[PDB]
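Asks: Those sequence lines, one after another, are chains G, F, I, D, E, C, A and B.
Each residue of the first sequence is one higher than the one before, starting from 1 at the first, in PDB author numbering.
Each residue of the second sequence is one higher than the one before, starting from 1 at the first, in PDB author numbering.
Each residue of the third sequence is one higher than the one before, starting from 1 at the first, in PDB author numbering.
Each residue of the fourth sequence is one higher than the one before, starting from 1 at the first, in PDB author numbering.
Each residue of the fifth sequence is one higher than the one before, starting from 1 at the first, in PDB author numbering.
Each residue of the sixth sequence is one higher than the one before, starting from 1 at the first, in PDB author numbering.
Each residue of the seventh sequence is one higher than the one before, starting from 1 at the first, in PDB author numbering.
Each residue of the eighth sequence is one higher than the one before, starting from 1 at the first, in PDB author numbering.
There's a structure below that I have some questions on.
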Amino acid sequence: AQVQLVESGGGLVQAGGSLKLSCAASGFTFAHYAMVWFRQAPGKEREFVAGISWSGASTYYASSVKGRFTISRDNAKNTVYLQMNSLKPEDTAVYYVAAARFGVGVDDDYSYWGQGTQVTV
Amino acid sequence: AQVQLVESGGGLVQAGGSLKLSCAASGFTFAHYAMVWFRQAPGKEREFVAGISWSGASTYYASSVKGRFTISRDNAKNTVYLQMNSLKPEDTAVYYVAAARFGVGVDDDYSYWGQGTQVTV
Amino acid sequence: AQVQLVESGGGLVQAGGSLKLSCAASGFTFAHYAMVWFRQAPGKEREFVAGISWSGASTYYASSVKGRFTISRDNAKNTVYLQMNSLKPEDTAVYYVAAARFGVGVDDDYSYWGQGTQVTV
Amino acid sequence: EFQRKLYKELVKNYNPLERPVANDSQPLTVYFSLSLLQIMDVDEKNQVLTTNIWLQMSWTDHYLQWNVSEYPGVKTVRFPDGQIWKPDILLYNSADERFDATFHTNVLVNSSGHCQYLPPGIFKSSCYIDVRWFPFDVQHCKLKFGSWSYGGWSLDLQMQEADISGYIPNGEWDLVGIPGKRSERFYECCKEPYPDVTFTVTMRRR
Amino acid sequence: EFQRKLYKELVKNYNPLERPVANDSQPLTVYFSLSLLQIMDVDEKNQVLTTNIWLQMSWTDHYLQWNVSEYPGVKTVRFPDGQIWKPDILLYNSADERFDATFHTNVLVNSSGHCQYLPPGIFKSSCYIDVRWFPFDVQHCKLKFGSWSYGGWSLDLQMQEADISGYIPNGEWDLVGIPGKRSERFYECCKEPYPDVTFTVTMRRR
Amino acid sequence: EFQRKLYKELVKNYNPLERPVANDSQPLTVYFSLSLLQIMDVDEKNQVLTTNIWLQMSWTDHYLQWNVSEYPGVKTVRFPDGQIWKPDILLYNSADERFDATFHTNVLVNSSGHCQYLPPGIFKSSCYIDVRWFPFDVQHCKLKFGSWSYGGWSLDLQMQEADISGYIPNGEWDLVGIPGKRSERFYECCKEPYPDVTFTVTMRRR
Amino acid sequence: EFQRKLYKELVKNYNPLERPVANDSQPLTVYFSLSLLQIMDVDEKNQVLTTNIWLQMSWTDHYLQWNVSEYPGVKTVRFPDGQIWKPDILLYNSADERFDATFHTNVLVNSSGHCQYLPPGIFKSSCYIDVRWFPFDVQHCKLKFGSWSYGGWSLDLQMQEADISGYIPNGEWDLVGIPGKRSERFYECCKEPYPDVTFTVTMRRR
Amino acid sequence: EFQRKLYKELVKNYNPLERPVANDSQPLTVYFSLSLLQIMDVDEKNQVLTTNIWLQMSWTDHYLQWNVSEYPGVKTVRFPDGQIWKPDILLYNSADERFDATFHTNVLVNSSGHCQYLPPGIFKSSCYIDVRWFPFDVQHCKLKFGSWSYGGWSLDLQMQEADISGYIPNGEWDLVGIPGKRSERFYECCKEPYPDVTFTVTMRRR
Ligand SMILES: *[C@@H]1O[C@H](CO)[C@@H](O)[C@H](O)[C@H]1NC(C)=O
Ligand SMILES: *[C@@H]1O[C@H](CO)[C@@H](O)[C@H](O)[C@H]1NC(C)=O
Ligand SMILES: *[C@@H]1O[C@H](CO)[C@@H](O)[C@H](O)[C@H]1NC(C)=O
Ligand SMILES: *[C@@H]1O[C@H](CO)[C@@H](O)[C@H](O)[C@H]1NC(C)=O
Ligand SMILES: *[C@@H]1O[C@H](CO)[C@@H](O)[C@H](O)[C@H]1NC(C)=O
Ligand SMILES: *[C@@H]1O[C@H](CO)[C@@H](O)[C@H](O)[C@H]1NC(C)=O
Ligand SMILES: *[C@@H]1O[C@H](CO)[C@@H](O)[C@H](O)[C@H]1NC(C)=O
Ligand SMILES: *[C@@H]1O[C@H](CO)[C@@H](O)[C@H](O)[C@H]1NC(C)=O
Ligand SMILES: *[C@@H]1O[C@H](CO)[C@@H](O)[C@H](O)[C@H]1NC(C)=O
Ligand SMILES: *[C@@H]1O[C@H](CO)[C@@H](O)[C@H](O)[C@H]1NC(C)=O
C-alpha cells in the first residue's frame, strides 16, 4: 500500500523567467484516476488552479489564468507536469494535488490528497 | 463519562529524537474499534498522521511520515503505541487520538474523542 | 433586486447609554416576514441576539441578554426598533438583521440578509 | 427566472403536517362537494355498490400569499402530493380492500391564496339492496364522508350542493335525487361536535 | 406560530426504532380493543372467512410531552407513518394474499402523551369449519391478535371489551356473542412469557 | 468523459414541478398522437372496453440546451420518471380501478431540442354501447384525452392523426377507422379555454 | 438514554450491502427451517399448489456487538427492512405473479448474538400433478429453496427439520411426512458447491 | 473490512444514468439469452399465452474495476436495483396489465467488470391462434425483445442460444424448439439501425 503523492519544484525565482514542477504516484492506478491542482494561501483557503481528465484531453483552467500555465501527464512515468510561464508577483502560495476517480476537472469528490510545495516569486 | 482517554509521554527534544507515545481507554470493548492519531497546530486544520484498523494489519501512514513514524496496538494490554524516530523540528503541535467503529483508518465518522499531549521541537 | 435592507444607529458609547437602533426594508411584504438580530465580532463567527415572530407576540432573546434590550416593530411604517439599555463593553460587533418567512424567531432558514452597523464601545 | 424564484421561496418553512391559519384557536372552513359521473354496478343482495365520483375540496391558506406586481405572469401554482397539506376526509362505510379510491392529484393555488382538490374515484360502498316488495321499490343508499382524525373547533366541514351532469342514463336504474345532510356524531362527554356529511342516492328500478 | 414551533421542536431526537419509557427495564402497557362492523361471507370448501373490523390501540408515550400553559392553542398533534413509533400487533392466522390489511392512518397525541391508533380493516382469516353435520350448530371462529416480535417484560398487552354499536344485520347468519380472552405461552427455556388475545365469533345460522 | 459532465451540469436547478418556457405569458405547444395496436375486448353490457394503446407526446424545453460541437459523441440524453417535467395529460372516461394504467417511461432529449414520452398501456374505457337498431349496428365509442391541472393559455394541446399499423386482426369485430377531433369546449367563467382531444373508434360487427 | 445512545451508535459504518465476517475468505453459516401451517388447494391441471408457511432463517452477525455490563436493560434490539442485512433465500420454481409473497418483517438481535428473520406467507408453487396412474396415488411435490446470488465459499446454508404443529387437518388431503434434503449443483468452470434445499410434501388423498 | 472499503470507495462518482464506455462513439455490446421453464396456459380466443421465463443479460463495464492483489478475499461485488446501470430491455408485444413482470434482482460484478442481470418472470404475451385450415396444426408464437429508449450505434444487441432445460413435460402441448434471430427495423430518418431479437416458439398438440 503506502499511497502517497510527493511534490517538488521549490520555485522561489523572481518574476518572468519560468517554473516547472512535477508530481508522482505510489499505490493507485494512474490510468483510472484524475488529478487536479489546488492553491492554498495564508489568507485564502482553496482555488481550482487547473485540471485534466482520465481520458487524456480535457484540459480545464480557471478564469484567473487562461494562457500562462499548461499541464501535461504521462502514464508510463506515473507523473503529471505543470508549467508556469510569465511569473507574476500576485500568485504566491502553496500548491498541492487532489486525486479523484473518473472525473472532468469541475467540482468533484476526492479520496487522496497530496503534499504541499511552497512557491513564492 | 467513563469513555475518556489519557496520554503517556512527552516530547521536547531539539531534533532527531526518539519517542514512544502510549494511549489507553476504558468503558467500551477494545476489540470493535479502531484508533487514529491526529495533530492540531496553533492555527491550522486537523491532519491525519497514523492509523490502524481493528483487524490488526492495515497500517496507514501519512505521506510525510512514511519511513519515520510507526504505530502498533496491544489488545490484551488495552493500549496503543506510537513510536517516533528521526523527528523533524517542524512537528510542534498537540497530538490526540480519535476512535471509531469498524473501519480502516481512512476518512470516517469518529465517535469518541480524547485529549492531546503537547510536543515542542 | 429591490430587496434593500438598510440600517442606521452608529454609536460609540460606554456603559449606561440608551440606543434606538433602527432598521428598514422594502420590496417584500413586511407583514409576512419575521426578523431576528444577529451579532458578528472578529473573535467569533455569528451569534443570536433577539427575534420576533410575524405577529408580534412571544419575542425571543438569549441567555446573556435576558434583561436589558427590547425589540419592537410596527407594520404600518416599515420600521424595526431595538431599544438597547445598560451597555457593556462586550457588545463590540456588527448588527445585521435577518428576515425569514412566517417564523418563530428561534432558529429558522433565512431568505433576506442585511448589512453591518458596527458598534464599538 | 420568476417561476424558479417563486417555487424556491414559497417552501422555506412549510412542514406539511401543519394546519394553515393565522390564529390557531380559530377553526378552519373547508367547502366540500361531490359530483357523480357514472354508475358501474349496484349488484345483488351482496350489499355492495360501485360508483364513479369526482370529489371537490376547497379551502383558504394563509401561508401561500403574494401579489402579481412583484411576479408578472404567474397566476396558478401547482403542488403534488407530499409537499402540501390536504384534509384527510374519507368514506366511513367503505368496502374496498384498499379502503381508499382516491387517485391523488396536484392541488392548484391562486395568487391571494385558495386551494382546489379534485380527485376522481371508483367507490365501492355498502348499502341494503333488499327490494322484496315486488320489483318496484325505491332504494336509498348512503355515502358517509368525514374527517378521520380532525374534529371539533378545528375543521367545520361546510357542504355545497351536488352536481347533476352527464350521468350516462342507465338501462336498469334511475336516480331520483341526491340530497346531502350534515350531522354530528357527538360522543357522551366531549363538549366539541364531530361533523360529517351523508349523501343519499335514491333509485327504484328500470 | 406556536404549532409550527412545536412541530419543529418536538422531533429533536426521536429515532423511530425506540421504545418510549423512562426506565428501560420497566415494561410498557398497551391497551387493545376492536369493533366489529359487518360480516361479508364465509366460503365453505376452503377454510376462510371475511370480517370488517376497526382496531383500537392505546399507549403512553414519554418523549412526546409538553404543557399547554406556554403553548396556547394546539391541544392535539397528528403524526403519519414513518416518524412515530407504533406497536406491531398483527393477526396470526391470516389467509389473505397479504399479511396486513390495515389502512395506515395518523397517530394522535395530547398534552403529556396518550397515543390512539385506529386502523380500519377488511380482515380475511382462516377458521375451523367442521360443523357440516348439524346445520343448526354454532360456529366458534377465532381471531388471534398479538405482537409478532415484541413480547415479555416489554409489552403487557391488556384487553378491553368488544363493541356492539352497529352491525348491519346479515341475511344468512346472526351474531350470538363476541367473547374475548387473553392467553400466554411460555418459551422453550425462559421466564419471559408471550401474550396474545383471542376473540371468538359465534353464529348459528339464518 | 463528457456524458458524466453533461448529466451533472444540466440538473443544477431544475425543480421538477416547474413549467419551462422562455416567456411566462406565452403558452406552450404540446403535440398528441396515439397509436392503437390492438383492441382486447369490447366486454359485456357494462359499457367497458379494453384496448392496447401506445400514446405519444411532444413538447419543447428551454432549460435543456447545449452545443454538440464541444461534446462529440453524446447527442441524446434520457431522464427517468421523477426528475424531468412531464405533462399531466390522461384519459377522462376512465373505468380502471387505478385510473391511470400507464407504465412510466424515460424521456428523451436531443441537442437543444424536444422531448418524447412513449407510454404503453391497456386502457379500460367506457363508452355508449346502446345500439339504436337491433344488436347488429355500428357503434362509435369515444376516448377523451386532456390535461387535468393544466388548461387554457398554458398548453394549447394539438392533435395529430392516429396510426393504422399492425392491428392484429381480431376474430369478432372489424373497425372502419380511427378519426380524432380537437375541441376547445368548456369555456367557463374563467376567460381561458379548456381544450380537449376526442378520438372515435367505430365498429359494427363481424 | 441507553436506548437512544445504543441505537445511534450502532450504525456508524454499516453499509447495508455487506457480508459480516471477521475474515473475508471464511464463509458464513445460515440455518434454514420452515413451518407449514395449512394447505390451501392443489388447484387445476396448471400444476400449481398453494400452502401457508412461516420460514425461519438464522445467522451470526459480527457487526452488532456489545455487552450488558455497561448497558443495563437493553437485551433485544430490532431493525427494519432496508437497513439490516438479510439473506436472499427464495423459492426457485415459484409460480406466483410477484415471485415473492414474503411479508417483510423486522430483524431481531440479542446482546452480542445472532439474528432471527421469521417471515410469514402463503406460497403458490408449481408441482407435477400427474398421478393419473390411479386416483389413489401418492403425489410428491417439491419446494426448492436456496440463494439467488450468493453461493459457494460464501454461504454454507444448512438445514433444520420442519415443524409438525397444528396443521389444521384438511378435508381432502392428508400428508405422510415432510422430509427435506440439501443438494449441490456443480458449475461449468468452478469448484464452488452451490447449495440448495428441497423439501418434499407427500400426500395420497382423504 | 476490505469489503466495506471497496463498497464505500467504488461509488464515488457513479451517476446512475450513465452508459459506461471508454469512448462515447463506440457502441456497447449486450448479450441476451432467455431460458423458459414451463408453459402455464394458452387461454382462449383473446390470443394470449402465459410462460415462465428467466432472462440472462451480460455486458462489460468500465467504471467498476480493481485487482484482487490489494483487496484479498472479495471477488464478486453485488449491487441492488437503482444504484447500478441496467439496460432498458423489455418485451414489445406485452399483453400483461403491468407491462413488466420482471422481479428485479441484484447485479453481480467481478474484478474486470463483467456483469450478469438474470431476472425471473411470468410473461403473458399475445399471439395469433387462428389456424382455421387445420385444427391440428403447429402454432408459431413470436416474442419480440429489444430496447425501448436506446437504439442504434449505442447498444448493439447480440443473441445467444436459448435453453432447453427441464421444461416440466406438459400435458396438452409439446414444443419442437425455440429458434431465435436478430432483426432490424431501420427508420427512414437518419441511418441509425433499430435492432431487436425475435424468438419463435413452435408447438403442436399432445
Ligand atoms: C463488559 O464490558 C466492560 C467494558 O468496560 C468490561 O469492563 C466488562 O468486564 C465486560 N463484562 C463482560 C462480562 O464481558
Ligand atoms: C405588492 O406588494 C408590494 C409589497 O408590499 C407592494 O409594495 C405593492 O404596492 C403591491 N402591489 C399592489 C398592486 O398591491
Ligand atoms: C387569537 O385568538 C385568541 C382568542 O381569544 C386571542 O386571545 C388572541 O389574541 C388571538 N391572537 C393571537 C393568539 O395572536
Ligand atoms: C428501574 O427499575 C428497577 C427495578 O428493579 C430499579 O431498581 C431501578 O432503580 C429503576 N431505574 C433505573 C434502572 O434507572
Ligand atoms: C409549563 O412548563 C414550563 C417549562 O418548564 C414551566 O415554566 C411552567 O411553569 C409550566 N406550567 C405549568 C402550569 O405546569
Ligand atoms: C413576453 O410577452 C410579453 C407580451 O408580448 C412581452 O411584453 C414580454 O417582453 C415577453 N417577454 C418576457 C415577459 O420576458
Ligand atoms: C456553441 O457555443 C459555443 C460558445 O458560444 C461555441 O464555441 C460553439 O461553436 C457553439 N456550437 C455550435 C454548434 O454553434
Ligand atoms: C484470513 O484467512 C486467510 C486465508 O489463508 C489467512 O491467511 C489469514 O491469516 C486469515 N486472517 C486474517 C487475514 O486476519
Ligand atoms: C474515440 O473515437 C473517435 C473516433 O472513433 C476518435 O477520434 C477519438 O480519438 C477516440 N477517443 C476519444 C474521443 O477519447
Ligand atoms: C495489482 O494491484 C497491486 C497493488 O499494489 C499493484 O502493485 C499491481 O500493479 C496491480 N496489477 C495491475 C496489473 O495493475
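The beta-carbon is built from N, C-alpha and C at its ideal position, and this holds for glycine as well.
Let me know if G:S18 comes out buried or exposed under the rule of 16 or more other beta-carbons within 10 Å of its beta-carbon.
Replies: The residue given as residue 18 of chain G occupies position 18 in the first sequence. Exposed, because fewer than 16 other Cβ atoms sit within 10 Å of the Cβ of G:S18.
Asks: Please name the residue in D:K142, D:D137, D:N110 whose C-alpha comes closest to that of D:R206.
Replies: Translated into the one-based positions of the fourth sequence, residue 206 of chain D becomes position 206. It is D:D137.
Asks: My guess is that C:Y187 and C:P193 are in contact by the Cβ rule of under 8 Å, so how many angstroms apart are they, rounded?
Replies: Locating residue 187 of chain C in the sixth sequence gives position 187, counting from the first residue. Locating residue 193 of chain C in the sixth sequence gives position 193, counting from the first residue. About 5 Å; that satisfies the 8 Å criterion.
Asks: Establish whether the CB of F:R101 and some CB of chain A are separated by less than 8 Å.
Replies: The residue labelled residue 101 of chain F in the question sits at position 101 within the second sequence. With 8 Å as the cut-off, F:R101 counts as an interface residue toward chain A.
Asks: Is the Cβ of G:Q4 closer than 8 Å to any Cβ of chain F?
Replies: The count along the first sequence starts at 1 and reaches residue 4 of chain G at position 4. Taking Cβ atoms only, chain F reaches closer than 8 Å to G:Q4, which makes this a yes.
Asks: Which one or two residues does DSSP pair with C:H114 in a beta bridge?
Replies: On the sixth sequence, position 114 is the one that residue 114 of chain C refers to. Its beta-bridge partners are C:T60.
Asks: Between B:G73 and B:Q3, is the Cβ-Cβ spacing less than 8 Å?
Replies: Along the eighth sequence, read from residue 1 onward, the residue named residue 73 of chain B stands at position 73. Along the eighth sequence, read from residue 1 onward, the residue named residue 3 of chain B stands at position 3. Against a cut-off of 8 Å, the Cβ pair of B:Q3 and B:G73 comes out as a contact.
Asks: Buried or exposed, going by whether 16 or more other CB atoms sit within 10 Å of the CB of E:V48?
Replies: As a working mapping, residue 48 of chain E is identified with position 48 in the fifth sequence. That one is buried.
Asks: Could you spell out the range, first to last residue, of the alpha helix (DSSP H) harbouring D:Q3?
Replies: Taking the fourth sequence and counting its residues from 1, the one referred to as residue 3 of chain D is at position 3. Looking at the DSSP string, the run of the alpha helix (DSSP H) that includes D:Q3 is 2-9.
Asks: Looking at C-alpha atoms only, which residue of E:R204, E:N106, E:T51 is the closest neighbour of E:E172?
Replies: One-based indexing of the fifth sequence puts residue 172 of chain E at position 172. Here the closest residue by C-alpha is E:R204.
Asks: Step through the CB atoms of chain C and report whether any lies within less than 8 Å of the CB of D:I122.
Replies: Taking the fourth sequence and counting its residues from 1, one reaches residue 122 of chain D at position 122. Cβ-Cβ to chain C under 8 Å: yes for D:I122.
Asks: Taking E:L143 as the reference, give the member of E:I168, E:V30, E:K86, E:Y92 with the closest Cα.
Replies: Working through the fifth sequence from its first residue, we reach residue 143 of chain E at position 143. Cα-wise, what sits closest to E:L143 is E:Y92.
Asks: For F:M84, which beta-bridge partners are listed by DSSP?
Replies: For the purposes of this step, residue 84 of chain F is taken as the residue at position 84 of the second sequence. According to DSSP, F:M84 bridges with F:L19.
Asks: When you compare only the Cα positions, how much space is there between E:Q139 and A:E161?
Replies: The residue you call residue 139 of chain E lines up with position 139 of the fifth sequence. The residue you call residue 161 of chain A lines up with position 161 of the seventh sequence. Straight-line Cα distance between these residues: approximately 35 Å.
Asks: Flag C:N67 as yes when its Cβ comes closer than 7 Å to any non-hydrogen atom of ligand 7, and as no otherwise.
Replies: Position 67 of the sixth sequence, counted from the start, is the residue given in the question as residue 67 of chain C. True, at least one ligand heavy atom lies under 7 Å from that Cβ.
Asks: State buried or exposed for F:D109, treating a residue as buried only when at least 16 other CB atoms are found within 10 Å of its CB.
Replies: For this step, residue 109 of chain F is matched to residue 109 along the second sequence. By the neighbour-count rule (16 or more Cβ atoms within 10 Å), F:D109 is not buried but exposed.
Asks: Less than 7 Å between the CB of residue 133 of chain F and some heavy atom of ligand 10, yes or no?
Replies: Look at the range of chain F in this structure, 1 to 121, and you will see that residue 133 of chain F is not part of it.
Asks: Taking Cβ positions only, does A:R206 come closer than 8 Å to chain B?
Replies: Within the seventh sequence, numbered from 1, the residue matching residue 206 of chain A stands at position 206. Chain B, which has no Cβ nearer than 8 Å to the Cβ of A:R206, makes this no.
Asks: Measuring only from the beta carbon, is E:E9 closer than 7 Å to any heavy atom that is part of ligand 5?
Replies: As a first step, residue 9 of chain E is located in the fifth sequence; it is residue number 9 there, counting from the start. No - ligand 5 has no heavy atom lying nearer than 7 Å to the Cβ of E:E9.
Asks: Below 7 Å, is the gap between the Cβ of D:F2 and the nearest heavy atom of ligand 2?
Replies: In the fourth sequence, residue 2 of chain D corresponds to position 2, counting from 1. No.
Asks: Would DSSP call A:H140 helix, strand or coil?
Replies: The sequence position of residue 140 of chain A within the seventh sequence is 140, counting from 1. Strand.
Asks: For C:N46, which option in D:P169, D:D163, D:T200 has the closest C-alpha, if you only look at C-alpha atoms?
Replies: For the purposes of this step, residue 46 of chain C is taken as residue 46 along the sixth sequence, with counting starting at 1. Out of D:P169, D:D163, D:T200, D:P169 has the C-alpha closest to the C-alpha of C:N46.
Asks: Taking 8 Å as the threshold (C-beta atoms), are D:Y7 and C:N15 in contact?
Replies: Translated into positions along the sixth sequence, residue 15 of chain C becomes position 15. Translated into positions along the fourth sequence, residue 7 of chain D becomes position 7. Yes; because the gap between Cβ atoms is below 8 Å, this pair is in contact.
Asks: If you measure between the beta carbons of G:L5 and F:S63, is that distance less than 8 Å?
Replies: On the first sequence, position 5 is the one that residue 5 of chain G refers to. On the second sequence, position 63 is the one that residue 63 of chain F refers to. Contact flag set, yes.
Asks: Could you check the C-alpha separation between residue 222 of chain D and D:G146 for me, to the nearest Å?
Replies: A query on residue 222 of chain D cannot be resolved here, the shown segment of chain D reaching from 1 to 206 and no further.
Asks: If you reduce the DSSP assignment to three classes, tell me which class residue 211 of chain C lands in.
Replies: As shown, chain C starts at 1 and ends at 206. That puts residue 211 of chain C outside it, with no answer to give.
Asks: I'd like to know if C:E9 contacts chain D, where contact means its C-beta is closer than 8 Å to some C-beta of that chain.
Replies: Here residue 9 of chain C refers to the residue found at position 9 of the sixth sequence. Answer no: the Cβ-Cβ gap between C:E9 and chain D never drops below 8 Å.
Asks: At 3 residues or longer, and completely inside the segment 128-197 of chain B: list those beta strand (DSSP E) runs for me, N to C.
Replies: The qualifying runs are 139-147, 155-159, 173-177, 180-184.
Asks: List the residues of chain D that C:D24 touches, going by C-beta distances under 8 Å, in chain order.
Replies: Residue numbering aside, residue 24 of chain C sits at position 24 when the sixth sequence is read from its first letter. Those are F2, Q3, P72, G73, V74, listed as they occur along chain D.
Asks: Grab me the residues of A:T102's own chain with a C-beta within less than 7 Å of its C-beta, minus the 5 sequence neighbours each way, in chain order.
Replies: What you label residue 102 of chain A is simply residue 102 of the seventh sequence in a count that begins at 1. Within the same chain, A:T102 has close Cβ partners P119, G121.
Asks: Can B:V197 and B:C141 be called in contact, C-beta distance under 8 Å?
Replies: In the eighth sequence, counting from the first residue as 1, residue 197 of chain B sits at position 197. In the eighth sequence, counting from the first residue as 1, residue 141 of chain B sits at position 141. Taking 8 Å as the Cβ cut-off, B:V197 and B:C141 do not qualify as a contacting pair.
Asks: Nearest by alpha-carbon distance to A:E1: which of A:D100, A:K75, A:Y167, A:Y71 is it?
Replies: Here the question's residue 1 of chain A lines up with position 1 in the seventh sequence. It is A:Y71 whose Cα lies nearest to the Cα of A:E1.
Asks: Do we get a CB-CB distance below 8 Å when we pair E:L17 with the residues of chain D?
Replies: On the fifth sequence, position 17 is the one that residue 17 of chain E refers to. With 8 Å as the cut-off, E:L17 does not count as an interface residue toward chain D.
Asks: If you draw a straight line from the alpha carbon of B:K12 to that of D:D41, how long is it in whole angstroms?
Replies: Taking the eighth sequence and counting its residues from 1, the one referred to as residue 12 of chain B is at position 12. Taking the fourth sequence and counting its residues from 1, the one referred to as residue 41 of chain D is at position 41. Their Cα atoms are separated by approximately 56 Å.
Asks: Does A:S25 come out as helix, strand or coil in the three-state DSSP assignment?
Replies: The sequence position of residue 25 of chain A within the seventh sequence is 25, counting from 1. Correct three-state label for A:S25: coil.
Asks: Would a check of beta-carbon distances place I:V36 closer than 8 Å to chain E?
Replies: As a position in the third sequence, residue 36 of chain I is number 36, starting the count at 1. Answer no: the Cβ-Cβ gap between I:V36 and chain E never drops below 8 Å.
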